[PDB]
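The block underneath contains the structure these notes are about, expressed in structure tokens.
Taken together, the values in this text are just the output of simple stated rules run on the coordinates, not laboratory data. So basically every Cβ, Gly included, is an ideal-geometry build from the backbone, and we count neighbours across all protein chains shown.
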Amino acid sequence: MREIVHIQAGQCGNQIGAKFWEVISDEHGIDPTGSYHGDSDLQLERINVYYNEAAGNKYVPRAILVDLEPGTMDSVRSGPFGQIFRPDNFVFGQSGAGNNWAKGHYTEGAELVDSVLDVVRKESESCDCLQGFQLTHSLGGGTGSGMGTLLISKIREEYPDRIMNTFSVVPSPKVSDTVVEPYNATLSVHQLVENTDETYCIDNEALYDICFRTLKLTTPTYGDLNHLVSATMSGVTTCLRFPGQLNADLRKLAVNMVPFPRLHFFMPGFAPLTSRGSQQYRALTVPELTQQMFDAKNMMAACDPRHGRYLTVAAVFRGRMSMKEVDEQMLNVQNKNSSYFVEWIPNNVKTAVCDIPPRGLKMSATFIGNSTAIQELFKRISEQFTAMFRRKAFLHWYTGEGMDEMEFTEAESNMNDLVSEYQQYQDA
Amino acid sequence: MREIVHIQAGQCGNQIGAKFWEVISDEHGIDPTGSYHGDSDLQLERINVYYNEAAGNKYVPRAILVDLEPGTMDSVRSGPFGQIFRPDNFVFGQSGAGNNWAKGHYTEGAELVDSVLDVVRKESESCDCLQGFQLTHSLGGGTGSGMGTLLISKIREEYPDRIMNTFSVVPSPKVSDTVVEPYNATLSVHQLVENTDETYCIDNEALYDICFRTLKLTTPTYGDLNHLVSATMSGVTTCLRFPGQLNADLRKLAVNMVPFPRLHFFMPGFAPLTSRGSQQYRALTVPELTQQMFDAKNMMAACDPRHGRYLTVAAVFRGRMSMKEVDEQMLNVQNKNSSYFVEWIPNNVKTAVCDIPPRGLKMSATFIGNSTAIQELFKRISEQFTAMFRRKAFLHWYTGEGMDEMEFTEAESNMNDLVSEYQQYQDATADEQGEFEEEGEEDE
Amino acid sequence: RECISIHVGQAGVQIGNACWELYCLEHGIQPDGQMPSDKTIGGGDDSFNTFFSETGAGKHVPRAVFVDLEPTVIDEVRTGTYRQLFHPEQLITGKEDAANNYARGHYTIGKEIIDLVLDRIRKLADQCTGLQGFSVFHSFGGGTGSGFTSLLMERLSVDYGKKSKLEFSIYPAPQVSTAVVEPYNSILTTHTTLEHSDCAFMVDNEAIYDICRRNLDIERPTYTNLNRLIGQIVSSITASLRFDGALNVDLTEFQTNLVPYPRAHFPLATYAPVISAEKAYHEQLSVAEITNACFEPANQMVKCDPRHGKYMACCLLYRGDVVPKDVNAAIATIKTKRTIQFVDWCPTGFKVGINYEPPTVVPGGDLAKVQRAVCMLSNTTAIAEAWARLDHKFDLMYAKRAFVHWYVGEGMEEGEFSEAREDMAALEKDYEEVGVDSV
Amino acid sequence: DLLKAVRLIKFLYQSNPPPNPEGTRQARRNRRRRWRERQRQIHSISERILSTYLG
Amino acid sequence: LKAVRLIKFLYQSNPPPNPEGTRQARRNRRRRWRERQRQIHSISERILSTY
Amino acid sequence: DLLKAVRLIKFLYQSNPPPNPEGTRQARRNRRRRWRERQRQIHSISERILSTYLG
Amino acid sequence: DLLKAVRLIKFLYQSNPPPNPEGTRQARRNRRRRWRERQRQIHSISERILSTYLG
């Protein structure tokens, strides 16, 4: 009736996916044994959306995952639910990553992505029907950007009438193993802006900025970082995986949120900023704990309350609270802003109060929405590009395999078009 | 009223034929003393299928175990049921086995297999009603495969218009340490495509793989693995072994299993995972009996339910329970995956239930079912035949008495023309939605 | 006195099965099949209990059509309070729906399902010959919505000659809505399905919101309340056909009484003597307040000022049930002294209609026992602003060319949107040219 | 004048493969999708060559 | 030849009418434009589709 | 083709005006885009004459 | 007009060989990278320059 696949990638996308399904099975508890731990027996359809049929009421994901560094996945296979996966995900080798964008983009990945497309093709039809693709994809490594871009391309020529869910980690000046990542960014979203349906500007140095400064956490590690981002995107996709009365479907989300179908970079924030470490243990009521919904300095993107131009919002609650206070809070935060009074955006009243039982909390407060601060994120990406490229530095690492300069030139033409269009929107 | 009698051809065939006739006779009990052992006289014709009456109410086979190296026939024949035969059999000569296909097929004709046609002319004449005869054909070496295909080629002229039971044994290259496997086996199955009626290609390779990698057996000898294949073939032969509500002759089932009579390659499994070796005595009741029916573990092939387009499945349930829940679970397995949806002969299942137990575990089952993941098996054998053919590899003694390049070229061309037609039938979905008339009628 | 209704969209099927459950509960059509008042199984066909057909050996079924591309809606209907006596052979649904838009369900993916439901319509059209229009349930963006209707109204007006019909357009409410592009599908639906129509009336969910939260003092905006209220209103509308009384005139008589023009086409359904468990307890019912409370702004489906709202017609519907004596007393107590602002150069004859044989009130709902009905089907020429506000928002959002790219590659062109704007501007400016009072 | 242009559009008709009974049920849907996409572009080109040449 | 002469002859047989009146018939005039251009293109593609 | 292959080249050469403007977002960004759509059809028939010179 | 154009078709679209599936993955990868640069540099710049040749 409604099925979503499980394709992952990268060396960081795979581990954030491991944490993702760990924390979204935290409220499900689906055992890997076969004792049939039912979360809710009326939710056979809403376990079948993600955990698909393999036996009699044994529901497992469409578990296929690929990378050339097997140590990370062999480490995360010994997790809480790290063994409830089909013996078909193990499609890989030992060629190495090396933070090489060309080998994931052009040379090494072209001999291995055929097996991945074959297994997703032979796994897609083994259900009622196909509805959605999803991917936890990263840019911190080298291979992941290239093979994710080529996989999105191949699913464009192979499955055009299907949505794909593309998580995308933005580069970071604060945590970085190698620094070539401006080149890993300027020719990754060069075609991703016209290849996929919806994307995410989950940042990394704004994310570390809110992890360090505005939370005062003594854990600058990938552990609590993955905990926070997995909780945030779990609160995001809880709406899509639990359709109570609202939280419209896949193309329906693309219908009401995407004008000018390149401007599909919505920024997922989260209100209470609960974190393993310093914790606040009161029942989160609506107004004074959903007051962290509108503040632009409290999300996974570098923004500004006055230097910001929103044109869509979304809020999917989880507690059994009322909606009058939600509506008056929305009225205040939507009538307060002078720059928000533009000729566009007549109606974005989509807000959910669905009774979904959470993992450690009892409610939630999620933000999903576009802005023009993604333009200044791409502006600092562009200034890193000018720091790295204006003397053609470090291009000998990558030009030997299959690349040249004119792909970068058309990428910069697309960046100039994006900057010009978003500046036109800012002064419209 | 009905007979199917015993004959053997294969180095790894005599042992498995003896043990298979033991395990189909282990619950019936015909003794070689000279007196009858009646405990259940509702299997009179059922034991007459394999053990024919030649004395005063004594039912004996026509077992002709023929070996060119008769040491195995000298050793293993003195069993409990291994001496109750008509003694004019086991015609043998010691000209040699040598693991060679060419000299076994070519020069050893008038030495032994002419006496084999004479003795099966006599022993199929002095009985009641023939419907063929049984043989556990083995590709362990060359001489056994050559004599098996010689017997098939001679019985397509002895009694041409008659369905006759033909088997095969897929060898185990992990265990069979011969330096050249794929010549005799591939050219033999090439001949057997256009020379037979049915092939139950039971194996020793994937069963070795599952007993060494899943069953955790430290002693993978031919004995307990022969017990495994004997239980599997017992579950196969339950259609003719037990008198049910239909008492289905295998003459009907040979026409039943073929959609088109060229292609007759599928192998069974054993769904409830019998415990030869690692042992258990639990009663395999219905939901654990059916839960392991669609598995990618037990089936004796390269397991791939994803690469599965099955044509006709049948599981004999001699466990004493009704078939309503069995048919409901059958519908659940039928519709829960889209790989099985092919929609030719839309009632392509069978549920045959008897009440005669095979062994002390009273309620259990097995798996027989049409096999479509055999394309990778055929490729895995054929391309490593062509691996050692390109450089005229291993013509040390496969330069036979009569050798041509046309025979090998036509062998590989018809191998290509069966694997390509098989992959054309595994594709080209010409019944589900692949026509032009599902989307209206006019789309230019 | 026979008609077969079709329903498309998720909310369309919701109001359809709610209203049919109310019908079967108020005629005594039990889930046992038969009605226990007489000895005919399944239902009946005598004069006004005529929503059935002799399908089996006297077996009668509540003939209706429930269609939506999303497949789970008919499953959650079929496990409702009227479980197994819906039709096991015409509940036709697709596999994947259009998912909250217009173009895909109309042009591309519905093009192989339009002929299937057309064949079903033909098979039910080979049945009993009673025909007095249609009853089409749809919305603007609920389920498939506009995608089926925009094609099937043209198909009905070309294939089935020039036969009359009637449709139900659920006017949306952005405070409880689920989309943003509702101006686009609203303007497209309004240029397509209204010019190929015979009768229609638009019901606003925001009007239900106003009469619930602002006039009844209840605190639950759920679609179950909307379904029950629509069941009550459409049951009161259909009760003229459903029960025979003094002026038991047909729906054909109503549609040949109401509509003046192809463009001047829509009424203002005036029924707000609002009731629940609160506003039905120990009150007194009279024929003055329920009739004096009609022209006021906070009683209307579409918002209009009473002096600025000009009644081309002032048709009325009564559930009666006591006497026609008090109705023909209120024709002088209320209706005769009506010098209210009217339309120039048109007759000023007020119409009343009483239909006896009470439809039973909703069981297990919220409202207590109530008697009267003031379903005054007037019309208003000043509802041009009620779509001119949507045209203004569509102008302020359409110059930005938002959501155009989802509506380009499915067959249409920008000329279609320009034509839709032209059609609604033509309708509005025709109302301020000759609809609003002129010389 | 455009009698070769209608042969060009008949070659666009001739760029149509068969609907492939030897074609996976996911794949000839893709053939149909690239078909309808290319005749969307062909209809745009057709109203181009209709409107432009009339002047 | 005669086919393209027919098609352009029908193209020039659809003139733009004069704008006059209180904007009643103009919408029917636009509808006549768009429809009749659609079936002249249909006749064009049918004629060049047989050939 | 092979002499009519340049006849579609003179068809593109014949009826391609300068992009004279008509309103914003139009006639220099989308009529230019339908001209590039014509060019991508030309590219497609170039990779399809790649395979007719094969035969 | 036709000279450089049609003779450039007659050379360049006659200069595309099928790949070699025989051989190990290294030489196949080299032939694949030469293929995916060869057809891109045959279609892109050549139909760019036949696009902007003189119109």
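Structure notes:
- Qualifying residue in region C:410-418 (condition: touching a residue at least 60 places away in the same chain (Cβ under 8 Å), within 14 Å of chain A (Cβ to nearest Cβ), of a type outside the set (A, V, I, L, M) and part of a helix (DSSP H, G or I)): no
- Number of positions in region B:74-110 that are assigned to a helix (DSSP H, G or I) and within 16 Å of B:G142 (Cβ to Cβ): 7
- Lone unmet requirement of (1) aliphatic (A, V, I, L, M); (2) under 29 Å from G:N30 (Cβ atoms); (3) within 14 Å of another protein chain (Cβ to nearest Cβ) for A:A428: (2)
- Scope region G:21-44; condition surrounded by 11 or more Cβ atoms within 10 Å (Cβ to Cβ), farther than 24 Å from F:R40 by Cα and more than 10 Å from every other protein chain (Cβ to nearest Cβ); matching residues: G:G23, G:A27, G:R31
- When B:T149, B:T166 are checked against the criterion of being part of a helix (DSSP H, G or I) and β-branched (V, I, T), a single residue qualifies: B:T149.
- From the options A:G34, A:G29, A:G10, A:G17, residue that is crowded, with 19+ Cβ neighbours inside 10 Å, part of a loop (DSSP other than H, G, I, E, B) and not charged (D, E, K, R): A:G10
- Residue in region B:420-427 that is farther than 20 Å from B:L263 by Cα and either touching a residue at least 60 places away in the same chain (Cβ under 8 Å) or of a type outside the set (D, E) (or both) present: no
- Residue match in region A:182-204 (condition: touching a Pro at 6+ places or on another chain (Cβ under 7 Å) and charged (D, E, K, R)): no
- When region C:1-48 is filtered for residues that are in contact with a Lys or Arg (Cβ under 8 Å, 6 or more places away or on another chain) and part of a loop (DSSP other than H, G, I, E, B), the ones remaining, listed by number, are C:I4, C:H27, C:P31, C:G33, C:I41, C:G42, C:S47, C:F48.
- Screening E:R27, E:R36, E:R31 for residues that are of a type in the set (K, R) and over 15 Å from the mean Cα position of the chain (by Cα) leaves exactly one candidate, E:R27.
- Residue pairs meeting the criteria (Cβ under 7 Å; at least 6 apart or on separate chains; first more than 14 Å from chain C (Cβ to nearest Cβ) and over 19 Å from A:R46 (Cα atoms), in region A:223-249; second of a type in the set (G, A, S) and not in a helix (DSSP H, G or I)): A:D224/A:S275; A:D224/A:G277; A:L228/A:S275
Residues are listed down the side, and each one gets a yes or a no for (1) assigned to a helix (DSSP H, G or I); (2) of a type in the set (D, E, K, R); (3) within 16 Å of D:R7 (Cα to Cα):
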residue: F:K10; (1), (2), (3): yes, yes, yes
residue: F:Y13; (1), (2), (3): yes, no, no
residue: F:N20; (1), (2), (3): no, no, no
residue: F:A27; (1), (2), (3): no, no, no
residue: F:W35; (1), (2), (3): yes, no, no
residue: F:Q39; (1), (2), (3): yes, no, no
residue: F:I42; (1), (2), (3): yes, no, yes
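- Of the listed requirements (1) under 27 Å from B:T219 (Cα atoms); (2) of a type in the set (S, T, N, Q); (3) out of contact with any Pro (no Cβ under 6 Å at 6 or more places or on another chain), B:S364 misses just one: (3).
- Members of region A:318-353 found to be closer than 22 Å to A:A248 by Cα and more than 13 Å from chain C (Cβ to nearest Cβ), listed by number: A:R318, A:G319, A:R320, A:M321
- Region C:92-136: number of residues that are under 16 Å from C:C3 (Cβ atoms) and within 14 Å of chain A (Cβ to nearest Cβ): 0
- Residues of region A:22-35 satisfying the condition of being out of contact with any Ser or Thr (no Cβ under 9 Å at 6 or more places or on another chain), touching a residue at least 40 places away in the same chain (Cβ under 8 Å) and of a type outside the set (D, E): A:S25, A:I30, A:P32
- Test: residue in region A:125-137 that is within 14 Å of chain B (Cβ to nearest Cβ) and assigned to a helix (DSSP H, G or I): no
- Of all the residues in region B:34-47, those that are out of contact with any strand residue (DSSP E or B) (no Cβ under 6 Å at 6 or more places or on another chain), closer than 21 Å to B:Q83 by Cβ and not hydroxyl-bearing (S, T, Y) number 4.
- Within region B:154-163, at least one residue is crowded, with 21+ Cβ neighbours inside 10 Å, within 29 Å of B:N52 (Cα to Cα) and of a type outside the set (F, W, Y).
- Filter result for F:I49 (facing another protein chain (nearest Cβ under 7 Å) and aliphatic (A, V, I, L, M)): yes
- Enumeration of residues in region A:396-407 that are within 21 Å of G:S44 (Cβ to Cβ), touching a residue at least 12 places away in the same chain (Cβ under 8 Å) and not in a loop (DSSP other than H, G, I, E, B): A:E407
- Residue list for region A:329-345, filter: buried (at least 18 other Cβ atoms within 10 Å of the Cβ) and either in contact with a helix residue (DSSP H, G or I) (Cβ under 6 Å, 6 or more places away or on another chain) or under 21 Å from A:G244 (Cβ atoms) (or both): A:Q329, A:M330
- Candidates A:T274, A:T312 - the one that is away from chain C (no Cβ under 14 Å) and among the polar types (S, T, N, Q): A:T274
- Scan of region C:66-122 for residues that are in contact (Cβ under 8 Å) with a residue 40 or more places away in the chain, among the basic types (K, R) and not in a helix (DSSP H, G or I), ordered by number: C:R83
- For B:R156, the stated conditions hold: it is part of a helix (DSSP H, G or I) and among the basic types (K, R).
- Some residue of region C:338-345 being assigned to a helix (DSSP H, G or I) and surrounded by 15 or more Cβ atoms within 10 Å (Cβ to Cβ): no
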